[PDB]
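Some notes on the structure that comes next.
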Amino acid sequence: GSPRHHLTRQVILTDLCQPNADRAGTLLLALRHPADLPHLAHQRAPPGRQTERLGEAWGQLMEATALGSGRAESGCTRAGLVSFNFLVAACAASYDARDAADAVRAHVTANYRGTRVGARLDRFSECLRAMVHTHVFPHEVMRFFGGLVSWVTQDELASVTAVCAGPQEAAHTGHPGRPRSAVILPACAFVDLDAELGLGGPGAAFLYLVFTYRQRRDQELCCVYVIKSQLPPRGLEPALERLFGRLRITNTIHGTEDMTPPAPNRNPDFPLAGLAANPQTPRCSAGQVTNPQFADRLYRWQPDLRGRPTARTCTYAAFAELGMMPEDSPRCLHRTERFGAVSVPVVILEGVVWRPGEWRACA
Amino acid sequence: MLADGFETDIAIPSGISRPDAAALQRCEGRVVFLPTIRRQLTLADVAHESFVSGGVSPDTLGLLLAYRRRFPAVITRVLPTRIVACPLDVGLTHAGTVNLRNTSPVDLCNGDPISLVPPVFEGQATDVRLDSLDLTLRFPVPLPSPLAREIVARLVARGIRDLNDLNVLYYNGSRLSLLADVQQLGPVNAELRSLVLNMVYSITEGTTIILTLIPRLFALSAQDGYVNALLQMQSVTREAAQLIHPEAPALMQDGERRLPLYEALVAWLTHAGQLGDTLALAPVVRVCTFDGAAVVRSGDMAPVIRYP
Amino acid sequence: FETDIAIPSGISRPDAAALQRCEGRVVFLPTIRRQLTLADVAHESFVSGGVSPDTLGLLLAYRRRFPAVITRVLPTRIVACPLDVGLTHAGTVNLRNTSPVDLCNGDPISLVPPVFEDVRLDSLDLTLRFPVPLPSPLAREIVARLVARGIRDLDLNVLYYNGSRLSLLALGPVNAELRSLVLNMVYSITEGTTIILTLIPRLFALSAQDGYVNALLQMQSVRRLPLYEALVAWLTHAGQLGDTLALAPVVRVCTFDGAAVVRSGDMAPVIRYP
Amino acid sequence: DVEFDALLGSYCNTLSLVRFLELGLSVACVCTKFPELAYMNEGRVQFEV
Amino acid sequence: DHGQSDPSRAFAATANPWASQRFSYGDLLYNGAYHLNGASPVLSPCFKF
Amino acid sequence: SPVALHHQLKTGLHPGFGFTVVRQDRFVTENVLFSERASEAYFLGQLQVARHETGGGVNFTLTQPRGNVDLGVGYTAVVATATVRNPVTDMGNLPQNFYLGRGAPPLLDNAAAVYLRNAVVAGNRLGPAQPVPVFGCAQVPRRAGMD
Amino acid sequence: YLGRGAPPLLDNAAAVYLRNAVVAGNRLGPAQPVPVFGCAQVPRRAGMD
Amino acid sequence: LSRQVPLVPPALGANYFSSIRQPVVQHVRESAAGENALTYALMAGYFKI
Amino acid sequence: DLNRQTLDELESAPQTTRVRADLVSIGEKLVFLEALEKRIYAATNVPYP
Amino acid sequence: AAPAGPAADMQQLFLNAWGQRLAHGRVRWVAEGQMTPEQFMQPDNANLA
């Protein structure tokens, strides 16, 4: 009796992710091929920013990933998999529980196989500080990829085997000593909404990924949260407004900069409610419009939208479905496991059934 | 989704008379709102007495607003001691087929999405009452999807008139109206804000170019009849074009590298096109018959397979 | 669970090889049924109207029809399974790209009518138009490009994906094939931004970076113009397009025992949401 | 007081199991059964005039 | 409801503007719901109409 | 002019025109067949058993593949139209609207295009109640009772 | 002030004046302003003795 | 508009409150009988209901 | 089995006598033809139904 | 209307106050003049009720 699941395999370099330091049962995240990244940043960015910042920040990352062993920067096979414990410790200078956050960074800069590991984290988090400024948002680039069940090791590449759909506790590990796993997450991201709203009632709950941005002039942050909630996917937008509304207050006033508003206020009131009242106002028919001898007698109206804080520049959050816990009461634990010689604040989610979903901006 | 299905068990109490027990066996396929996904609940949780706020039984409009915080489920079978339902948001059955029953005044067609609506119709608000337990079970009305975009749009537009006819509909030629009632000022302002957020967010600087295409359309409806019967006899843009001659702005700040028409359309899809999900709930369900007909009749069951 | 699309009698010899070349391709049918005729399958099956449908009406039928992916092709019947009921029992069904764009692992896949540039069976007098299975994040780009093309008529054709280059122009028919989309996308926005402009008549007049933010921060806290009768003309019209231009993904690729990136002409294994 | 209710008799049907060769239409057929037909492409019947 | 026509002759609404419509001279004289001639024993024939 | 010819059909005047009223009627008939000694070779195969679950119920959809070979050089069957039952279609006078239709160019002066439409559809046996949908299929006001 | 359903006085300059002089500094009154729909909330007490 | 409808001011009484409505005015114009028949026909019209 | 021994077919035949009554065959079955104002309704004040 | 002022400029007070009134919609009772009696029975007008 095994429930239906779906395994994946992909030949993935171990540049940003490590299925050796992170044991069986952590999250993963697929990426786009990074040749798309700063061409979109040249195109989609709001007026008056440094579009080449993404091409230079992502440039300095790859260039620091080798520095030695004579290794080319472009490649046919390319690492597009960022492990979850790598991503939390990247943005680890933007949480509240900082003493547990450096306890995530303590095994990140140590347990990884590599030379001068932490030189990436001062760069890769700056790459995320360039994703927001160059305005190609990482939830337009990141994408869920399943949780680990096994790994086959070679120098700088490995065979990542994950679960893209199904229950986590169903797929075989590889060692018949411990033939399953559990979803293992650091406690600097797992923030409930049960006690924080007062919902102490038992029931089945959903798991979401949630990003946070902060758009300012070179003061830009990033967070990743894995939130357990008994809420609908349609009914998250008010609850995320309650938490992160302070970041929404900052983004709507300090996110719009270097745009030039029209000076002074030029656009008057819109008089169509008054122009339709008089039957003595001049009009036009369907053939007389698009004619120069008729359009000059109509009302001239020149709308000037410049410097408006658009919806795309007032984003504070973006979420996606990740999975549910169908149990009667969701059974979470809070332990500290030993990743070598570093002990970590660890949240052990148990009985997770995977359903990915689309993203959704909370603009 | 689980392999062996997932069926909650709404409990029936002890003391129920025979005029009430045969009143629940006509509830074979209806829409029942669980507040959580507990496997064990009570009828005192399901019924309208649990729906009330603090003592204010809300209108039809708030009854829209407290469905999107609940989990709609469909009864599959009724035992004497418990009622079994399946939540739509989790997983249907092994099959992915759960039989409904039309409460609608309007028959269905194949493939059409179902968004459910409160009992707004006149001579139609038929609540199955339990007398020996003192409960009212309001059963909502499954409707086809382009109806649910009308009726929600009729009610929100009506409440704006009170802040200073409309209630006539037509679908498949059968004339039907809706109940006129006073609307409380509370939940209507929760709709107006959910409009004007999604309404202003669809205005990017690129829309100053589209608003200078209005003189082209008002001349295009002169020649192609597709654009005549597009605008409407009762539209705004026709009388807007007869008085306004717009013209484009001169330049754009760094407008060479960016596409102004493209950003106005991406923001229009996720905000103003998405609007039919913010006011009402989400069209979870469409009708996928296996052998029966193109049309599913009123008072008849329908097999159902899920949907985005 | 595998349905049957029977081929009617009188098949020529190149046409038995033509249907031998659509092995793994997406096809729409009306109703899930164990026996079905090919004349209800073809492009003729929804030319209802007096004009053969353009790209708009193609989208509408694709949400009223139930997509099926063809398995093996027997010379008497086309065996297929639909993507809504047949995939809970059988796990994974192969799929062939007709896309100019390659697939990665873990993408969700929507479908687009063939707007870029078509098997004809002259023994049976029908065409078989087929959808283009491109990945769904491109779908809200590419359709938004091609709508934005026709607005210029009354720079753009640059697209990058997976380290490659895309050229949408590859001019004659496709702009005329996409006339009905362009004439609804404009109307919904111009109806929207004049009603919004009528309800609050100051939304273009406030100072943007100074006073308009106060008009935004307040919105975030919790004869006769026939205006209130014209919301319904907007809301039902805009509430209709929110399904059609959504392009919801039925399909997500989970690659197992194979290549990471599946190229054009190759096959990619496919699961639905469980 | 002494009362009843009554269930007097339970009436059913007999389905008419019609064989096709008990019909007078069966001249217009030539019915020879296949143990298989789905293993067959276009087959033919020849005629000479 | 005289938005539609007579079902019998489908091309006109009725045959009497004084006897067909509601609150008409046809209704005020011959309805048990109005009770103008409930007193007399003489059977009016159109009471069933 | 369609404005001008609106006036002279309401006021009983005869303009310089005629028309050919064309309609279609459907009848119910009873037919008689005659066939011959071997008009059809009829090959039947072996049954299949299927299994699919719906709504709790479990369908066993049974099929049997068959074959129709028509071994007749020439005609082997005749329909004989004998009698006439109830005619289905009532033989009334339903005029056809084109305001249901769509694809003809309008008149220009949009103060006058509303004038005709609210004087032809307004009180009509067929005309659209809701204004015509831009891409749907316009509906006909359902009668309270057929006769 | 926890409750809701009584008409406030007309001068909105003065209706807030009482609320910032009664709920401000309370053992019971809410921290957040009241949610518009359902149920106001009691502040979290750090200690019960 | 002066040619089709009458132009009676309601300082001298309008249509529905007078005692001779519009359909006597048009009966003057749309008759085809002569001068010796309308003189009795109008007198035939002023018998009260 | 479906087709059991039906309940009524277990009885015996009753006893029979010879009754004079007219018999007509219309179509393909025997029918009693019987006028009933001679035996019944003979000189009794009850209307024939 | 009540008779205001002398009778001299009684009509000038009419046409200078009533010009905007006569051009909203058509007069009912004059439009019932060119009605064929086999049009009047049809639902073509909105004055049957």
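FYI, nothing fancy with the structure tokens labels: chains A, B, ... in order, residues from 1 per chain, ligands from 1 as they appear.
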Give me, as JSON lines, each residue of chain B that comes within 7 Å of chain A, together with its shortest interatomic pair and the distance in Å at one decimal, counting only C-alpha atoms, with rows ordered by chain and rising residue number.
```
{"residue": "B:3", "atom": "CA", "partner": "A:3", "partner_atom": "CA", "distance": 6.3}
{"residue": "B:36", "atom": "CA", "partner": "A:203", "partner_atom": "CA", "distance": 6.0}
{"residue": "B:37", "atom": "CA", "partner": "A:203", "partner_atom": "CA", "distance": 5.4}
{"residue": "B:38", "atom": "CA", "partner": "A:203", "partner_atom": "CA", "distance": 4.9}
{"residue": "B:39", "atom": "CA", "partner": "A:328", "partner_atom": "CA", "distance": 6.9}
{"residue": "B:68", "atom": "CA", "partner": "A:235", "partner_atom": "CA", "distance": 6.8}
{"residue": "B:69", "atom": "CA", "partner": "A:235", "partner_atom": "CA", "distance": 6.4}
{"residue": "B:201", "atom": "CA", "partner": "A:311", "partner_atom": "CA", "distance": 5.0}
{"residue": "B:204", "atom": "CA", "partner": "A:310", "partner_atom": "CA", "distance": 6.1}
{"residue": "B:205", "atom": "CA", "partner": "A:305", "partner_atom": "CA", "distance": 5.0}
{"residue": "B:208", "atom": "CA", "partner": "A:303", "partner_atom": "CA", "distance": 6.3}
{"residue": "B:215", "atom": "CA", "partner": "A:289", "partner_atom": "CA", "distance": 6.2}
{"residue": "B:218", "atom": "CA", "partner": "A:286", "partner_atom": "CA", "distance": 5.8}
{"residue": "B:219", "atom": "CA", "partner": "A:286", "partner_atom": "CA", "distance": 4.8}
{"residue": "B:222", "atom": "CA", "partner": "A:286", "partner_atom": "CA", "distance": 5.8}
{"residue": "B:242", "atom": "CA", "partner": "A:284", "partner_atom": "CA", "distance": 5.3}
{"residue": "B:243", "atom": "CA", "partner": "A:283", "partner_atom": "CA", "distance": 5.7}
{"residue": "B:244", "atom": "CA", "partner": "A:299", "partner_atom": "CA", "distance": 4.9}
{"residue": "B:245", "atom": "CA", "partner": "A:300", "partner_atom": "CA", "distance": 5.4}
{"residue": "B:246", "atom": "CA", "partner": "A:301", "partner_atom": "CA", "distance": 5.1}
{"residue": "B:247", "atom": "CA", "partner": "A:302", "partner_atom": "CA", "distance": 5.8}
{"residue": "B:248", "atom": "CA", "partner": "A:302", "partner_atom": "CA", "distance": 6.6}
{"residue": "B:249", "atom": "CA", "partner": "A:304", "partner_atom": "CA", "distance": 6.5}
{"residue": "B:253", "atom": "CA", "partner": "A:47", "partner_atom": "CA", "distance": 6.2}
{"residue": "B:254", "atom": "CA", "partner": "A:47", "partner_atom": "CA", "distance": 5.7}
{"residue": "B:257", "atom": "CA", "partner": "A:43", "partner_atom": "CA", "distance": 5.9}
{"residue": "B:258", "atom": "CA", "partner": "A:43", "partner_atom": "CA", "distance": 5.2}
```
With N, CA and C atoms retained, export the selected residues as a tab-separated table (two decimals), in the first residue's frame.
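And here is the file that came out, selection_7.tsv:
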```tsv
chain	number	residue	atom	x	y	z
B	3	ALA	N	-5.65	9.45	-1.57
B	3	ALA	CA	-5.98	8.35	-2.47
B	3	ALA	C	-7.36	7.79	-2.18
B	36	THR	N	-14.34	24.73	8.53
B	36	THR	CA	-13.00	24.15	8.53
B	36	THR	C	-13.02	22.84	7.76
B	37	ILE	N	-11.96	22.05	7.87
B	37	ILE	CA	-11.91	20.78	7.17
B	37	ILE	C	-11.85	19.70	8.24
B	38	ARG	N	-12.56	19.93	9.34
B	38	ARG	CA	-12.69	18.88	10.34
B	38	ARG	C	-13.51	17.73	9.79
B	39	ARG	N	-13.09	16.50	10.10
B	39	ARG	CA	-13.84	15.32	9.70
B	39	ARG	C	-15.15	15.15	10.46
B	68	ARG	N	-16.52	33.04	0.73
B	68	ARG	CA	-15.11	32.97	0.37
B	68	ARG	C	-14.21	32.72	1.57
B	69	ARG	N	-14.74	32.79	2.78
B	69	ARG	CA	-14.03	32.34	3.96
B	69	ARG	C	-14.46	30.97	4.41
B	201	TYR	N	-5.53	50.23	-10.01
B	201	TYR	CA	-4.32	49.47	-10.29
B	201	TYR	C	-4.17	49.10	-11.76
B	204	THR	N	-2.04	52.32	-15.74
B	204	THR	CA	-0.62	52.55	-15.90
B	204	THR	C	-0.49	53.76	-16.83
B	205	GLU	N	0.72	54.33	-16.93
B	205	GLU	CA	0.99	55.43	-17.85
B	205	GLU	C	0.74	55.06	-19.31
B	208	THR	N	-2.61	56.17	-21.33
B	208	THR	CA	-2.80	57.44	-22.03
B	208	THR	C	-2.68	57.31	-23.53
B	215	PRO	N	-11.20	57.98	-30.59
B	215	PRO	CA	-11.69	58.48	-31.89
B	215	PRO	C	-11.56	57.50	-33.05
B	218	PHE	N	-14.93	55.00	-32.51
B	218	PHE	CA	-16.19	55.66	-32.82
B	218	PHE	C	-16.35	55.92	-34.31
B	219	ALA	N	-15.25	55.94	-35.06
B	219	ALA	CA	-15.33	55.90	-36.51
B	219	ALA	C	-15.28	54.48	-37.06
B	222	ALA	N	-18.75	52.94	-37.39
B	222	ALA	CA	-19.48	53.41	-38.56
B	222	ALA	C	-19.42	52.44	-39.73
B	242	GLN	N	-18.19	61.60	-28.31
B	242	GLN	CA	-18.87	62.69	-28.99
B	242	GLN	C	-18.54	64.06	-28.41
B	243	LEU	N	-17.78	64.12	-27.32
B	243	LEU	CA	-17.43	65.38	-26.69
B	243	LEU	C	-15.93	65.58	-26.50
B	244	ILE	N	-15.15	64.51	-26.43
B	244	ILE	CA	-13.72	64.59	-26.13
B	244	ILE	C	-12.94	64.27	-27.38
B	245	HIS	N	-12.00	65.15	-27.74
B	245	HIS	CA	-10.97	64.80	-28.71
B	245	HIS	C	-9.64	64.66	-27.97
B	246	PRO	N	-9.27	63.46	-27.56
B	246	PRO	CA	-8.00	63.29	-26.84
B	246	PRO	C	-6.82	63.39	-27.78
B	247	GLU	N	-5.65	63.58	-27.19
B	247	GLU	CA	-4.40	63.52	-27.93
B	247	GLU	C	-3.30	63.05	-26.99
B	248	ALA	N	-2.31	62.37	-27.57
B	248	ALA	CA	-1.29	61.67	-26.82
B	248	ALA	C	-0.34	62.65	-26.13
B	249	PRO	N	0.36	62.22	-25.09
B	249	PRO	CA	1.44	63.04	-24.55
B	249	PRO	C	2.61	63.11	-25.51
B	253	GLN	N	9.59	59.51	-20.23
B	253	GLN	CA	10.89	59.48	-19.58
B	253	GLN	C	11.51	58.11	-19.79
B	254	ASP	N	12.63	58.09	-20.52
B	254	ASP	CA	13.35	56.86	-20.91
B	254	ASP	C	12.43	55.90	-21.66
B	257	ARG	N	13.56	52.36	-24.20
B	257	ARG	CA	13.86	50.99	-23.82
B	257	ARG	C	12.65	50.22	-23.33
B	258	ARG	N	11.54	50.88	-23.02
B	258	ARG	CA	10.39	50.22	-22.42
B	258	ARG	C	9.19	50.31	-23.36
```
Exercise for the section: Excluding residue B:119 and residues on its chain fewer than 3 positions from it, collect all residues at most 9 Å away from it, counting only C-alpha atoms, and give them as a list in words. Expected result: residues 60, 122, 124, 125, 126, 138, 139, 140 and 141 of chain B
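Taking atom CA of residue J:26 as the reference point, atom CA of residue C:224 is found at 18.5 Å.
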Practice task
For residue J:13, work out the shell of residues within 12 Å, counting only C-alpha atoms and skipping chain neighbours fewer than 6 positions away, then give it as a VMD selection string.
Solution key: (chain H and resid 9 to 11) or (chain J and resid 1 3 to 7 19)
Selected residues written out with N, CA, C and O atoms, as a tab-separated table (two decimals), in the first residue's frame:
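Okay, this is what ended up in part-v4.tsv:
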```tsv
chain	number	residue	atom	x	y	z
H	9	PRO	N	-53.52	75.93	-24.35
H	9	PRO	CA	-52.88	76.16	-23.06
H	9	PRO	C	-53.77	75.73	-21.92
H	9	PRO	O	-55.00	75.93	-21.95
H	10	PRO	N	-53.20	75.15	-20.86
H	10	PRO	CA	-54.01	74.70	-19.72
H	10	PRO	C	-54.47	75.81	-18.79
H	10	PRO	O	-55.00	75.51	-17.72
H	11	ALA	N	-54.27	77.08	-19.16
H	11	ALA	CA	-55.04	78.14	-18.53
H	11	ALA	C	-56.47	78.17	-19.05
H	11	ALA	O	-57.30	78.90	-18.50
J	1	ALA	N	-53.92	74.76	-15.60
J	1	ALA	CA	-53.34	75.88	-14.87
J	1	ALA	C	-54.38	76.94	-14.55
J	1	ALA	O	-55.33	77.18	-15.30
J	3	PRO	N	-55.88	80.71	-14.14
J	3	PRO	CA	-55.72	81.81	-15.10
J	3	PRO	C	-54.94	82.99	-14.53
J	3	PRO	O	-55.44	83.76	-13.71
J	4	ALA	N	-53.71	83.15	-14.99
J	4	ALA	CA	-52.79	84.14	-14.46
J	4	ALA	C	-52.73	85.34	-15.40
J	4	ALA	O	-52.56	85.18	-16.61
J	5	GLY	N	-52.86	86.54	-14.82
J	5	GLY	CA	-52.76	87.77	-15.57
J	5	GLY	C	-53.93	87.98	-16.51
J	5	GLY	O	-54.94	87.27	-16.45
J	6	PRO	N	-53.81	88.96	-17.40
J	6	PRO	CA	-54.84	89.15	-18.42
J	6	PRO	C	-54.75	88.06	-19.47
J	6	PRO	O	-53.77	87.33	-19.57
J	7	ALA	N	-55.81	87.97	-20.27
J	7	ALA	CA	-55.86	86.96	-21.31
J	7	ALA	C	-54.95	87.27	-22.49
J	7	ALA	O	-54.72	86.37	-23.31
J	19	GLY	N	-41.63	75.21	-23.82
J	19	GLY	CA	-40.92	74.76	-25.00
J	19	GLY	C	-40.09	73.52	-24.75
J	19	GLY	O	-40.03	72.62	-25.59
```
Practice task
Show me which bits of chain H are within 12 Å of chain J, counting only C-alpha atoms, as a PyMOL selection string.
Solution key: chain H and resi 1-17+21-27+29-30
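Near chain B, within 7 Å and counting only C-alpha atoms, the residues of chain F are residues 53, 54, 55, 102, 103, 104, 105, 106, 108, 130, 134, 139, 140, 141 and 142 of chain F.
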Store the residues of this selection in a file with N, CA, C and O atoms, as an mmCIF file, in the first residue's frame.
```cif
data_model
loop_
_atom_site.group_PDB
_atom_site.id
_atom_site.type_symbol
_atom_site.label_atom_id
_atom_site.label_comp_id
_atom_site.auth_asym_id
_atom_site.auth_seq_id
_atom_site.Cartn_x
_atom_site.Cartn_y
_atom_site.Cartn_z
ATOM 1 N N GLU F 53 -16.156 4.608 -12.786
ATOM 2 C CA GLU F 53 -16.896 5.017 -11.600
ATOM 3 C C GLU F 53 -17.309 6.481 -11.712
ATOM 4 O O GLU F 53 -16.514 7.329 -12.131
ATOM 5 N N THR F 54 -18.583 6.758 -11.411
ATOM 6 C CA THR F 54 -19.170 8.092 -11.514
ATOM 7 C C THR F 54 -20.087 8.326 -10.328
ATOM 8 O O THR F 54 -21.042 7.568 -10.145
ATOM 9 N N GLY F 55 -19.824 9.389 -9.567
ATOM 10 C CA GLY F 55 -20.735 9.853 -8.528
ATOM 11 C C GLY F 55 -21.037 8.844 -7.448
ATOM 12 O O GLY F 55 -22.141 8.845 -6.895
ATOM 13 N N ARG F 102 -26.391 40.495 -36.967
ATOM 14 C CA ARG F 102 -25.265 41.357 -36.653
ATOM 15 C C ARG F 102 -24.189 41.227 -37.718
ATOM 16 O O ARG F 102 -23.754 40.114 -38.030
ATOM 17 N N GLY F 103 -23.754 42.345 -38.284
ATOM 18 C CA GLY F 103 -22.757 42.299 -39.334
ATOM 19 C C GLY F 103 -23.065 43.275 -40.446
ATOM 20 O O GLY F 103 -22.315 43.390 -41.417
ATOM 21 N N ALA F 104 -24.166 43.979 -40.308
ATOM 22 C CA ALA F 104 -24.531 45.028 -41.231
ATOM 23 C C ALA F 104 -24.108 46.375 -40.667
ATOM 24 O O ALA F 104 -24.139 46.564 -39.447
ATOM 25 N N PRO F 105 -23.681 47.313 -41.504
ATOM 26 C CA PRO F 105 -23.251 48.610 -40.997
ATOM 27 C C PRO F 105 -24.445 49.426 -40.543
ATOM 28 O O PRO F 105 -25.542 49.304 -41.110
ATOM 29 N N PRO F 106 -24.288 50.246 -39.513
ATOM 30 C CA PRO F 106 -25.409 51.069 -39.058
ATOM 31 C C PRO F 106 -25.554 52.328 -39.880
ATOM 32 O O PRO F 106 -24.694 52.686 -40.682
ATOM 33 N N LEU F 108 -25.425 56.386 -39.588
ATOM 34 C CA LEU F 108 -24.372 57.101 -38.875
ATOM 35 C C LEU F 108 -24.912 57.832 -37.660
ATOM 36 O O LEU F 108 -24.375 57.691 -36.555
ATOM 37 N N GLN F 130 -32.701 41.519 -23.979
ATOM 38 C CA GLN F 130 -31.402 42.101 -23.713
ATOM 39 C C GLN F 130 -30.799 42.538 -25.043
ATOM 40 O O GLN F 130 -31.107 41.943 -26.078
ATOM 41 N N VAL F 134 -21.988 40.796 -27.945
ATOM 42 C CA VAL F 134 -20.965 41.049 -28.948
ATOM 43 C C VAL F 134 -20.355 39.757 -29.483
ATOM 44 O O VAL F 134 -19.989 39.696 -30.663
ATOM 45 N N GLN F 139 -30.765 35.961 -27.531
ATOM 46 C CA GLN F 139 -31.835 35.087 -27.086
ATOM 47 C C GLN F 139 -33.193 35.659 -27.461
ATOM 48 O O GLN F 139 -33.349 36.864 -27.675
ATOM 49 N N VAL F 140 -34.172 34.767 -27.541
ATOM 50 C CA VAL F 140 -35.529 35.083 -27.961
ATOM 51 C C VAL F 140 -36.417 35.072 -26.725
ATOM 52 O O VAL F 140 -36.342 34.111 -25.949
ATOM 53 N N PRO F 141 -37.246 36.096 -26.503
ATOM 54 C CA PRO F 141 -38.101 36.146 -25.303
ATOM 55 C C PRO F 141 -39.078 34.984 -25.236
ATOM 56 O O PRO F 141 -39.956 34.837 -26.088
ATOM 57 N N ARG F 142 -38.894 34.151 -24.216
ATOM 58 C CA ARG F 142 -39.627 32.902 -24.092
ATOM 59 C C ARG F 142 -41.091 33.169 -23.800
ATOM 60 O O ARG F 142 -41.424 33.919 -22.881
#
```
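For the pair atom CA of residue A:124 and atom CA of residue A:58, the interatomic distance is 7.7 Å.
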Exercise for the section: Enumerate the residues of stretch 45-272 of chain C with a DSSP assignment of strand (DSSP E or B), computed from the backbone, and present them as a VMD selection string. Expected result: chain C and resid 66 to 73 77 to 82 93 to 96 103 108 to 109 112 119 to 121 126 to 128 132 135 158 to 161 164 to 167 251 to 253 262 267 to 271
